[PDB]
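Listing of final-v2.pdb, PDB, C-alpha atoms
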```pdb
ATOM      1  CA  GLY W   1      91.876  90.621  76.538  1.00  0.00           C
ATOM      2  CA  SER W   2      91.164  94.328  76.133  1.00  0.00           C
ATOM      3  CA  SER W   3      87.900  96.280  76.136  1.00  0.00           C
ATOM      4  CA  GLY W   4      87.049  99.515  74.351  1.00  0.00           C
ATOM      5  CA  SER W   5      87.000  99.622  70.557  1.00  0.00           C
ATOM      6  CA  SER W   6      84.803  96.519  70.487  1.00  0.00           C
ATOM      7  CA  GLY W   7      81.822  96.027  72.778  1.00  0.00           C
ATOM      8  CA  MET W   8      80.264  98.514  75.186  1.00  0.00           C
ATOM      9  CA  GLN W   9      80.308  99.481  78.864  1.00  0.00           C
ATOM     10  CA  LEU W  10      77.231  98.856  81.012  1.00  0.00           C
ATOM     11  CA  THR W  11      76.808 100.311  84.501  1.00  0.00           C
ATOM     12  CA  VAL W  12      74.067  98.633  86.535  1.00  0.00           C
ATOM     13  CA  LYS W  13      72.735 100.756  89.396  1.00  0.00           C
ATOM     14  CA  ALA W  14      70.138  99.688  91.961  1.00  0.00           C
ATOM     15  CA  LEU W  15      67.559 102.157  93.274  1.00  0.00           C
ATOM     16  CA  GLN W  16      69.434 103.789  96.153  1.00  0.00           C
ATOM     17  CA  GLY W  17      71.520 100.641  96.492  1.00  0.00           C
ATOM     18  CA  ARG W  18      74.669  99.175  94.960  1.00  0.00           C
ATOM     19  CA  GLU W  19      76.114  99.293  91.443  1.00  0.00           C
ATOM     20  CA  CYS W  20      78.837  97.892  89.186  1.00  0.00           C
ATOM     21  CA  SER W  21      80.185  98.134  85.638  1.00  0.00           C
ATOM     22  CA  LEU W  22      80.640  95.305  83.135  1.00  0.00           C
ATOM     23  CA  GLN W  23      81.955  94.773  79.606  1.00  0.00           C
ATOM     24  CA  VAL W  24      79.360  93.451  77.158  1.00  0.00           C
ATOM     25  CA  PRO W  25      78.570  93.678  73.422  1.00  0.00           C
ATOM     26  CA  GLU W  26      75.558  95.352  71.811  1.00  0.00           C
ATOM     27  CA  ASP W  27      73.822  92.078  70.952  1.00  0.00           C
ATOM     28  CA  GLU W  28      74.264  90.597  74.428  1.00  0.00           C
ATOM     29  CA  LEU W  29      71.343  88.427  75.540  1.00  0.00           C
ATOM     30  CA  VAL W  30      69.535  89.839  78.575  1.00  0.00           C
ATOM     31  CA  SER W  31      69.843  86.319  79.983  1.00  0.00           C
ATOM     32  CA  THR W  32      73.636  86.585  80.068  1.00  0.00           C
ATOM     33  CA  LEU W  33      73.666  90.311  80.830  1.00  0.00           C
ATOM     34  CA  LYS W  34      72.049  89.443  84.161  1.00  0.00           C
ATOM     35  CA  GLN W  35      73.930  86.262  85.058  1.00  0.00           C
ATOM     36  CA  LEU W  36      77.122  88.290  84.649  1.00  0.00           C
ATOM     37  CA  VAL W  37      76.196  90.800  87.355  1.00  0.00           C
ATOM     38  CA  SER W  38      74.823  88.009  89.543  1.00  0.00           C
ATOM     39  CA  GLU W  39      78.455  86.999  90.052  1.00  0.00           C
ATOM     40  CA  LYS W  40      79.624  90.572  90.637  1.00  0.00           C
ATOM     41  CA  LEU W  41      77.243  91.440  93.475  1.00  0.00           C
ATOM     42  CA  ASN W  42      76.833  87.736  94.245  1.00  0.00           C
ATOM     43  CA  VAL W  43      73.083  88.207  93.815  1.00  0.00           C
ATOM     44  CA  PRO W  44      70.749  85.647  92.192  1.00  0.00           C
ATOM     45  CA  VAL W  45      69.166  86.668  88.888  1.00  0.00           C
ATOM     46  CA  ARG W  46      65.884  85.496  90.409  1.00  0.00           C
ATOM     47  CA  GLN W  47      65.952  88.535  92.695  1.00  0.00           C
ATOM     48  CA  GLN W  48      67.863  91.285  90.890  1.00  0.00           C
ATOM     49  CA  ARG W  49      66.068  92.662  87.833  1.00  0.00           C
ATOM     50  CA  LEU W  50      67.259  94.989  85.069  1.00  0.00           C
ATOM     51  CA  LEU W  51      65.182  97.888  83.744  1.00  0.00           C
ATOM     52  CA  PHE W  52      65.600 100.322  80.850  1.00  0.00           C
ATOM     53  CA  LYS W  53      63.576 103.538  80.675  1.00  0.00           C
ATOM     54  CA  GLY W  54      60.850 101.667  82.532  1.00  0.00           C
ATOM     55  CA  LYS W  55      61.068  98.682  80.196  1.00  0.00           C
ATOM     56  CA  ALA W  56      61.090  95.155  81.619  1.00  0.00           C
ATOM     57  CA  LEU W  57      63.678  93.015  79.831  1.00  0.00           C
ATOM     58  CA  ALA W  58      63.121  89.292  79.287  1.00  0.00           C
ATOM     59  CA  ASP W  59      65.958  86.825  79.859  1.00  0.00           C
ATOM     60  CA  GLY W  60      66.717  85.831  76.278  1.00  0.00           C
ATOM     61  CA  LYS W  61      66.200  88.897  74.100  1.00  0.00           C
ATOM     62  CA  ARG W  62      69.008  91.226  73.026  1.00  0.00           C
ATOM     63  CA  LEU W  63      69.607  94.726  74.392  1.00  0.00           C
ATOM     64  CA  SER W  64      69.972  95.810  70.765  1.00  0.00           C
ATOM     65  CA  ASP W  65      66.347  94.831  70.163  1.00  0.00           C
ATOM     66  CA  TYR W  66      65.282  97.237  72.908  1.00  0.00           C
ATOM     67  CA  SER W  67      67.195 100.008  71.138  1.00  0.00           C
ATOM     68  CA  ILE W  68      69.882 100.120  73.825  1.00  0.00           C
ATOM     69  CA  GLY W  69      73.318 101.121  72.572  1.00  0.00           C
ATOM     70  CA  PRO W  70      76.653 101.686  74.346  1.00  0.00           C
ATOM     71  CA  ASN W  71      77.134 103.808  77.467  1.00  0.00           C
ATOM     72  CA  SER W  72      73.719 102.643  78.675  1.00  0.00           C
ATOM     73  CA  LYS W  73      72.892 102.762  82.386  1.00  0.00           C
ATOM     74  CA  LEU W  74      70.683  99.841  83.412  1.00  0.00           C
ATOM     75  CA  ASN W  75      68.439 100.010  86.480  1.00  0.00           C
ATOM     76  CA  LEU W  76      68.631  97.213  89.050  1.00  0.00           C
ATOM     77  CA  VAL W  77      65.650  96.124  91.148  1.00  0.00           C
ATOM     78  CA  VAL W  78      65.241  93.757  94.098  1.00  0.00           C
ATOM     79  CA  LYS W  79      62.418  91.210  94.010  1.00  0.00           C
ATOM     80  CA  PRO W  80      61.232  88.766  96.708  1.00  0.00           C
ATOM     81  CA  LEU W  81      62.156  85.145  95.992  1.00  0.00           C
TER      82      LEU W  81
END
```
Represent the structure of the file as structure tokens.
Amino acid sequence: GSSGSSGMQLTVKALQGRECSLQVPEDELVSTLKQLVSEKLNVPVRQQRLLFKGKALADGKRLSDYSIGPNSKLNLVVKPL
């Protein structure tokens, strides 16, 4: 497979922590957008949490619904499990 023309690039960065990029579409479900990274940093979705412009995403909705296009930098947060 090849990324670029189709889909978008998302770079998740944790507050003064770690980060990582991933290839996902524009209508990607927040539920999958998280599970994907969970494998990258080997962190459970239960802990790590994504944030956009101070907006809490719900596992299920689509980034497109939040008005988030390509080249979007998501914010990662650590929560106590």
Problem set entry | Given all atoms listed in the file as the counted atoms, nearest of W:44, W:60, W:25, W:54 to residue 74 (chain W) |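 Of all the options, W:54 lies closest to residue 74 (chain W).
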Exercise. What do you get, as number ranges by chain, if you spell out every residue that the PyMOL selection byres ((chain W and resi 66) around 10) selects here?
Worked result: W: 52, 55-57, 61-65, 67-69
Next, the residues of the selection above should be written as a CSV table (one decimal), in the frame of the given file with C-alpha atoms.
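Result went into selection_16.csv, see below:
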```
chain,number,residue,atom,x,y,z
W,52,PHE,CA,65.6,100.3,80.8
W,55,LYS,CA,61.1,98.7,80.2
W,56,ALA,CA,61.1,95.2,81.6
W,57,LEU,CA,63.7,93.0,79.8
W,61,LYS,CA,66.2,88.9,74.1
W,62,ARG,CA,69.0,91.2,73.0
W,63,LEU,CA,69.6,94.7,74.4
W,64,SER,CA,70.0,95.8,70.8
W,65,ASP,CA,66.3,94.8,70.2
W,67,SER,CA,67.2,100.0,71.1
W,68,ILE,CA,69.9,100.1,73.8
W,69,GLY,CA,73.3,101.1,72.6
```
Exercise. Selected by the PyMOL selection byres ((chain W and resi 76) around 12) in the shown coordinates: which residues, as a count of residues only?
Worked result: 35
Problem set entry | Distance criterion (all atoms listed in the file): nearest to residue 81 (chain W) out of W:9, W:30, W:46, W:4 | W:46
For this session: Could you tell me which of W:21, W:28, W:2, W:70 comes closest to residue 40 (chain W) if we count only C-alpha atoms?
Result: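 Under the stated criterion, the closest residue is W:21.
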Please supply region 51-78 of chain W, rebuilt with N, CA and C atoms, as a short mmCIF file (atom, residue, chain, number, x, y, z; two decimals), in the coordinates of the input.
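File produced: part.cif:
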```
data_model
loop_
_atom_site.label_atom_id
_atom_site.label_comp_id
_atom_site.auth_asym_id
_atom_site.auth_seq_id
_atom_site.Cartn_x
_atom_site.Cartn_y
_atom_site.Cartn_z
N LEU W 51 66.24 97.05 84.29
CA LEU W 51 65.18 97.89 83.74
C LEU W 51 65.76 99.02 82.90
N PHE W 52 65.15 99.27 81.75
CA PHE W 52 65.60 100.32 80.85
C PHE W 52 64.46 101.28 80.51
N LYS W 53 64.59 102.53 80.93
CA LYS W 53 63.58 103.54 80.68
C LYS W 53 62.19 103.02 81.04
N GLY W 54 62.12 102.22 82.10
CA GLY W 54 60.85 101.67 82.53
C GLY W 54 60.41 100.49 81.68
N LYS W 55 61.36 99.83 81.04
CA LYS W 55 61.07 98.68 80.20
C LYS W 55 61.60 97.39 80.82
N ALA W 56 60.71 96.43 81.03
CA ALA W 56 61.09 95.16 81.62
C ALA W 56 61.70 94.23 80.57
N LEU W 57 62.97 93.89 80.76
CA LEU W 57 63.68 93.02 79.83
C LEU W 57 63.41 91.55 80.15
N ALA W 58 63.37 90.72 79.11
CA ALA W 58 63.12 89.29 79.29
C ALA W 58 64.38 88.48 79.02
N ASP W 59 64.77 87.66 79.99
CA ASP W 59 65.96 86.82 79.86
C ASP W 59 65.93 86.03 78.55
N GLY W 60 66.67 86.51 77.56
CA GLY W 60 66.72 85.83 76.28
C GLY W 60 66.88 86.80 75.12
N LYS W 61 66.13 87.89 75.15
CA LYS W 61 66.20 88.90 74.10
C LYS W 61 67.56 89.59 74.09
N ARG W 62 67.75 90.49 73.14
CA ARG W 62 69.01 91.23 73.03
C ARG W 62 68.80 92.71 73.29
N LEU W 63 69.70 93.31 74.06
CA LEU W 63 69.61 94.73 74.39
C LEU W 63 69.45 95.57 73.13
N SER W 64 70.04 95.10 72.04
CA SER W 64 69.97 95.81 70.76
C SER W 64 68.53 95.90 70.27
N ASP W 65 67.75 94.87 70.57
CA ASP W 65 66.35 94.83 70.16
C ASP W 65 65.54 95.90 70.89
N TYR W 66 65.97 96.23 72.10
CA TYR W 66 65.28 97.24 72.91
C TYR W 66 65.75 98.64 72.54
N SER W 67 66.66 98.72 71.58
CA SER W 67 67.19 100.01 71.14
C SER W 67 68.16 100.58 72.17
N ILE W 68 68.92 99.70 72.81
CA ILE W 68 69.88 100.12 73.82
C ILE W 68 71.31 99.99 73.31
N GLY W 69 71.95 101.13 73.06
CA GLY W 69 73.32 101.12 72.57
C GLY W 69 74.34 101.16 73.69
N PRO W 70 75.56 101.60 73.37
CA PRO W 70 76.65 101.69 74.35
C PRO W 70 76.42 102.79 75.37
N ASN W 71 77.25 102.80 76.41
CA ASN W 71 77.13 103.81 77.47
C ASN W 71 75.70 103.88 78.00
N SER W 72 75.09 102.71 78.18
CA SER W 72 73.72 102.64 78.68
C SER W 72 73.70 102.25 80.15
N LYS W 73 73.00 103.03 80.96
CA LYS W 73 72.89 102.76 82.39
C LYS W 73 71.63 101.97 82.70
N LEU W 74 71.81 100.71 83.08
CA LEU W 74 70.68 99.84 83.41
C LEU W 74 70.26 100.03 84.87
N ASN W 75 68.97 99.86 85.13
CA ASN W 75 68.44 100.01 86.48
C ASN W 75 68.22 98.65 87.13
N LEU W 76 68.77 98.47 88.32
CA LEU W 76 68.63 97.21 89.05
C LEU W 76 67.49 97.29 90.06
N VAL W 77 66.77 96.18 90.22
CA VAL W 77 65.65 96.12 91.15
C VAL W 77 65.68 94.83 91.96
N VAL W 78 65.27 94.92 93.22
CA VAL W 78 65.24 93.76 94.10
C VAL W 78 63.83 93.18 94.21
#
```
